[PDB]
$ cat run_1.cif   # mmCIF, C-alpha atoms; chains and numbers go by the auth columns
data_protein
#
loop_
_atom_site.group_PDB
_atom_site.id
_atom_site.type_symbol
_atom_site.label_atom_id
_atom_site.label_comp_id
_atom_site.label_asym_id
_atom_site.label_seq_id
_atom_site.Cartn_x
_atom_site.Cartn_y
_atom_site.Cartn_z
_atom_site.B_iso_or_equiv
_atom_site.auth_seq_id
_atom_site.auth_asym_id
ATOM 1 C CA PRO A 1 38.266 38.171 -1.196 0.00 79 A
ATOM 2 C CA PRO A 2 35.558 35.467 -0.857 0.00 80 A
ATOM 3 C CA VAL A 3 33.038 37.902 0.627 0.00 81 A
ATOM 4 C CA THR A 4 29.369 37.043 0.119 0.00 82 A
ATOM 5 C CA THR A 5 26.548 39.584 0.182 0.00 83 A
ATOM 6 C CA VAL A 6 23.395 38.283 1.843 0.00 84 A
ATOM 7 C CA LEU A 7 20.391 39.930 0.196 0.00 85 A
ATOM 8 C CA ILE A 8 17.451 38.510 2.140 0.00 86 A
ATOM 9 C CA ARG A 9 13.831 39.223 1.235 0.00 87 A
ATOM 10 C CA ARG A 10 11.515 40.162 4.108 0.00 88 A
ATOM 11 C CA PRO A 11 7.902 40.994 3.086 0.00 89 A
ATOM 12 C CA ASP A 12 6.775 41.244 6.713 0.00 90 A
ATOM 13 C CA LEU A 13 8.017 41.054 10.308 0.00 91 A
ATOM 14 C CA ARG A 14 6.649 37.590 11.105 0.00 92 A
ATOM 15 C CA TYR A 15 8.740 36.005 8.347 0.00 93 A
ATOM 16 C CA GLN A 16 11.855 34.322 9.738 0.00 94 A
ATOM 17 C CA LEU A 17 14.991 34.558 7.600 0.00 95 A
ATOM 18 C CA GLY A 18 16.130 30.968 8.057 0.00 96 A
ATOM 19 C CA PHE A 19 19.243 30.992 10.239 0.00 97 A
ATOM 20 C CA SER A 20 20.800 32.076 13.538 0.00 98 A
ATOM 21 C CA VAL A 21 23.540 34.616 14.251 0.00 99 A
ATOM 22 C CA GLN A 22 26.224 34.507 16.933 0.00 100 A
ATOM 23 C CA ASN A 23 28.089 37.808 17.252 0.00 101 A
ATOM 24 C CA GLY A 24 29.771 37.396 13.877 0.00 102 A
ATOM 25 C CA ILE A 25 29.277 33.757 12.870 0.00 103 A
ATOM 26 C CA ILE A 26 26.242 31.764 11.736 0.00 104 A
ATOM 27 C CA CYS A 27 24.945 28.653 13.512 0.00 105 A
ATOM 28 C CA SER A 28 22.304 26.761 11.532 0.00 106 A
ATOM 29 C CA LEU A 29 20.303 27.188 8.328 0.00 107 A
ATOM 30 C CA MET A 30 16.866 26.073 7.142 0.00 108 A
ATOM 31 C CA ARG A 31 16.668 24.912 3.525 0.00 109 A
ATOM 32 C CA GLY A 32 13.619 26.979 2.647 0.00 110 A
ATOM 33 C CA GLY A 33 13.987 30.390 4.234 0.00 111 A
ATOM 34 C CA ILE A 34 14.806 33.526 2.253 0.00 112 A
ATOM 35 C CA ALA A 35 18.283 33.633 3.803 0.00 113 A
ATOM 36 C CA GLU A 36 19.268 31.018 1.236 0.00 114 A
ATOM 37 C CA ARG A 37 18.615 33.396 -1.653 0.00 115 A
ATOM 38 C CA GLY A 38 20.387 36.309 -0.007 0.00 116 A
ATOM 39 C CA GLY A 39 23.755 34.734 0.699 0.00 117 A
ATOM 40 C CA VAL A 40 23.794 33.659 4.359 0.00 118 A
ATOM 41 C CA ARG A 41 26.181 30.698 4.479 0.00 119 A
ATOM 42 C CA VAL A 42 26.049 28.767 7.757 0.00 120 A
ATOM 43 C CA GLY A 43 29.731 28.761 8.656 0.00 121 A
ATOM 44 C CA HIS A 44 30.821 32.175 7.387 0.00 122 A
ATOM 45 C CA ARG A 45 31.378 35.379 9.368 0.00 123 A
ATOM 46 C CA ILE A 46 28.810 38.134 8.878 0.00 124 A
ATOM 47 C CA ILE A 47 30.010 41.690 9.410 0.00 125 A
ATOM 48 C CA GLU A 48 28.675 44.763 7.587 0.00 126 A
ATOM 49 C CA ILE A 49 24.900 44.310 7.857 0.00 127 A
ATOM 50 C CA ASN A 50 23.215 47.181 6.039 0.00 128 A
ATOM 51 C CA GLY A 51 26.106 49.339 7.234 0.00 129 A
ATOM 52 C CA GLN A 52 26.495 47.987 10.769 0.00 130 A
ATOM 53 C CA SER A 53 29.634 45.935 11.383 0.00 131 A
ATOM 54 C CA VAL A 54 28.328 43.101 13.555 0.00 132 A
ATOM 55 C CA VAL A 55 31.849 41.639 13.503 0.00 133 A
ATOM 56 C CA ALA A 56 32.242 42.999 17.034 0.00 134 A
ATOM 57 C CA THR A 57 28.540 43.226 17.870 0.00 135 A
ATOM 58 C CA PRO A 58 26.576 40.937 20.254 0.00 136 A
ATOM 59 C CA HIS A 59 24.380 38.154 18.866 0.00 137 A
ATOM 60 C CA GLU A 60 21.103 39.436 20.323 0.00 138 A
ATOM 61 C CA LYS A 61 21.747 42.726 18.524 0.00 139 A
ATOM 62 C CA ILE A 62 22.199 41.114 15.106 0.00 140 A
ATOM 63 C CA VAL A 63 19.095 39.000 15.617 0.00 141 A
ATOM 64 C CA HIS A 64 17.295 42.229 16.507 0.00 142 A
ATOM 65 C CA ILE A 65 17.958 43.904 13.155 0.00 143 A
ATOM 66 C CA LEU A 66 16.991 40.810 11.221 0.00 144 A
ATOM 67 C CA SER A 67 14.143 40.389 13.699 0.00 145 A
ATOM 68 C CA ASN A 68 12.917 43.849 12.694 0.00 146 A
ATOM 69 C CA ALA A 69 14.496 44.152 9.245 0.00 147 A
ATOM 70 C CA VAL A 70 11.520 44.568 6.922 0.00 148 A
ATOM 71 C CA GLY A 71 12.098 44.817 3.183 0.00 149 A
ATOM 72 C CA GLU A 72 15.464 43.448 2.087 0.00 150 A
ATOM 73 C CA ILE A 73 18.410 42.688 4.370 0.00 151 A
ATOM 74 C CA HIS A 74 21.810 43.367 2.826 0.00 152 A
ATOM 75 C CA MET A 75 24.980 42.322 4.630 0.00 153 A
ATOM 76 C CA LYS A 76 28.493 40.994 4.092 0.00 154 A
ATOM 77 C CA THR A 77 30.073 37.793 5.392 0.00 155 A
ATOM 78 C CA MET A 78 33.629 36.446 5.487 0.00 156 A
ATOM 79 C CA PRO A 79 35.094 32.921 5.916 0.00 157 A
ATOM 80 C CA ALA A 80 35.277 31.898 9.581 0.00 158 A
#

$ encode --input "run_1.cif" --output "structure tokens"
Amino acid sequence: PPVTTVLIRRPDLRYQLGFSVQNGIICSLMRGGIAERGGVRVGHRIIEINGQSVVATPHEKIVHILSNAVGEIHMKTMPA
């Protein structure tokens, strides 16, 4: 079970995480964002984000949470 837990740190709302989401898979990653610390691995398959299984959720929706996810984002990701 190579499941990684992305614990991102968001102090504000204008602080990008450092990656893009596509329904359930990641696209790119910026070596500097807080997403690196959390767990976000460009190439995995996010799913249970703070309790919401994005596995079958649109991309815009996932970006929304993270777009308005102040504090600390906690999600799970599998190997895609």

$ closest_residue --input "run_1.cif" --among "A:79, A:89, A:96, A:102" --to "residue 123 (chain A)" --atoms "all atoms listed in the file"
A:102

$ resolve_selection --input "run_1.cif" --expression "the PyMOL selection byres ((chain A and resi 113-115) around 10)" --output "list in words"
residues 84, 85, 86, 87, 88, 94, 95, 96, 97, 107, 108, 109, 110, 111, 112, 116, 117, 118, 119, 120 and 151 of chain A

$ residues_around --input "run_1.cif" --residues "residue 153 (chain A)" --least-positions-apart "3" --cutoff "8 Å" --atoms "only C-alpha atoms" --output "NGL selection string"
:A and (83-85 or 124-129)

$ resolve_selection --input "run_1.cif" --expression "the PyMOL selection byres ((chain A and resi 156) around 6)" --output "PDB file with C-alpha atoms, in the coordinates of the input"
ATOM      1  CA  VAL A  81      33.038  37.902   0.627  1.00  0.00           C
ATOM      2  CA  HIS A 122      30.821  32.175   7.387  1.00  0.00           C
ATOM      3  CA  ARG A 123      31.378  35.379   9.368  1.00  0.00           C
ATOM      4  CA  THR A 155      30.073  37.793   5.392  1.00  0.00           C
ATOM      5  CA  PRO A 157      35.094  32.921   5.916  1.00  0.00           C
TER       6      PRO A 157
END

$ closest_residue --input "run_1.cif" --among "A:149, A:143, A:154, A:132" --to "residue 101 (chain A)" --atoms "only C-alpha atoms"
A:132

$ resolve_selection --input "run_1.cif" --expression "the PyMOL selection byres ((chain A and resi 100) around 9)" --output "list in words"
residues 98, 99, 101, 102, 103, 104, 105, 136, 137, 138, 140 and 141 of chain A

$ atom_distance --input "run_1.cif" --atom1 "CA of residue 93 (chain A)" --atom2 "CA of residue 134 (chain A)"
26.0 Å

$ atom_distance --input "run_1.cif" --atom1 "CA of residue 144 (chain A)" --atom2 "CA of residue 80 (chain A)"
22.8 Å
